[PDB]
Amino acid sequence: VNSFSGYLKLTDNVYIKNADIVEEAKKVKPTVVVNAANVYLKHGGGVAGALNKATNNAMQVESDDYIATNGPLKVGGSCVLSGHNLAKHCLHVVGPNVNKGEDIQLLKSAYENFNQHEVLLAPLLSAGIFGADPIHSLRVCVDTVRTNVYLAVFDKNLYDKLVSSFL
Ligand SMILES: OC[C@H](C[C@H](O)c1ccccc1)Nc1ncnc2[nH]ccc12
Ligand SMILES: [Cl-]
């Protein structure tokens with residue numbers, strides 16, 4: 001039993017809700033919130049910009065130190081950093097950005113990072129401003145993640161389409 005509320009159950013381990021991941025994180029304070037990161041951990045817009053804003057830019061400050069030490073992430077890769085006021089940890093995961101010409105096949109590799117964590121609050125990787133088809137992202141999530149994932153879909157109209165089209 002966990003403290004996630006109001007989710008629709010898609011499979012044994014995947015759950016979905018129309019919700020603002022910032023507000024969801026602030027309420028649940030999950031062990032792991034997933035950020036839709038880029039390789040530079042520059043949290044300017046989309047989920048990343050919203051999460052970082054909610055941390056009063058502390059996420060960005062921490063991320064800049066991470067990059068200065070370690071260099072950029074790989075597309076498909078991840079790193080674990082602080083969750084600040086939102087979660088214990090933030091798993092920064094880089095899905096491919098279609099608007100940069102990145103290989104959509106890397107979306108599966110991106111979701112594989114979730115399997116290192118028993119329970120996560122997450123967005124649909126590569127959705128929104130990353131330019132991929134969210135129906136495809138949900139399918140890859142369901143077919144790749146084996147741990148317990150609670151998906152927040154910000155857009156209500158998109159949420160309804162993902163549910164109604166879910167196989
Ligand atoms: O897949 C990324 C997802 C896209 C979003 O659902 C969308 C917005 C407009 C049109 C269609 C779809 N972004 C988020 N998901 C959850 N919480 C969030 N908080 C801030 C951003 C955000
Ligand atoms: Cl987005």
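Structure determination for this PDB entry is given in the record as X-ray crystallography, at a resolution of 1.0200 Å.

**Section: the pattern of salt bridges**
Within the structure shown, the criterion is met by five salt bridges. Here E24 makes a salt bridge to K17, at a shortest N to O gap of 2.9 Å. Between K42 and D64 there is a salt bridge, with the nearest N and O atoms lying 2.8 Å from each other. Of the two residues, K42 sits in the loop between strand 3 (32-36) and helix 2 (46-54) while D64 sits in helix 3 (residues 58-70), which places them 22 residues apart along the sequence. Residue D64 is classed as partly exposed on the basis of its relative accessible area, which comes to 32%.

**Observations regarding the packing of aromatic side chains**
Per the stated rule, a full pass over the model turns up five aromatic pairs. Each ring, one from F4 and one from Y150, has its centre 4.0 Å from the other, and the planes form 10°; the classification is stacked. A residue pair is termed long-range when its members are at least 10 positions apart, and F4 in the segment before strand 1 (8-9) and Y150 in strand 7 (residues 148-153) qualify at 146 residues. When the centroid spacing of 5.1 Å and the interplanar angle of 70° are considered together, the rings of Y111 and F114 count as edge-to-face. Pair check on accessibility: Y111 and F114 agree, each one buried. Put simply, the rings of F4, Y7, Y15 and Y150 pair up and form one aromatic cluster.

**Considerations on the layout of surface pockets**
Considered as a void within the structure, the largest pocket measures approximately 420 Å³ in volume. What lines the largest pocket is a set of 20 residues, among which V47, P123, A127, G128 and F154 lie closest to the centre. Put simply, the parts of the chain that give the lining of the largest pocket at least two residues each are helix 2 and strand 7. The residue inventory of the lining of the largest pocket, partitioned by class, reads 15 nonpolar, three polar and two charged.

**A word on the pairing of strand 5 (residues 89-93)**
Every regular strand shows the same layout, with side chains that alternate between the two sheet faces. Among the five residues of strand 5, four are classified as buried, and the element is accordingly described as predominantly covered. Two elements, strand 3 and strand 5, share five bridges in a ladder whose sense is parallel. Its bridge partner lying in strand 5, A36 is registered against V93. Note: strand 4 (residues 78-82) against strand 5, five bridges, orientation antiparallel. By the bridge assignment, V80 is partnered in strand 5 with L91. The hairpin turn running from strand 4 into strand 5, its antiparallel successor, is six residues long, and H84 in that turn takes a positive phi close to 55°.

Each value, and the rule that gives it
Residues numbered from 1 in each chain as written, not as in the entry; some residues may be left out. Chains lettered and ligands numbered in written order. Heavy atoms only, no water. Salt bridge = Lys/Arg side-chain N within 4 Å of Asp/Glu carboxyl O. Helix = DSSP H or I, 4+ residues; strand = E, 2+ residues; numbered from the N terminus. Buried < 20%, exposed > 50% of the residue type's maximum accessible area, 1.4 Å probe, protein only. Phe/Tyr/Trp six-rings, centres within 6.5 Å; stacked < 30°, edge-to-face > 60°. 1 Å grid on protein atoms, 1.4 Å probe; cavity = no way out; pocket = protein on both sides within 12 Å on 5 of 7 lines; lining within 4 Å. Points joined across faces, edges and corners; volume = space filled by probe spheres on them. Nonpolar A, V, L, I, M, F, W, Y, C, P; charged D, E, K, R; others polar. Pairing = 2+ DSSP bridges.

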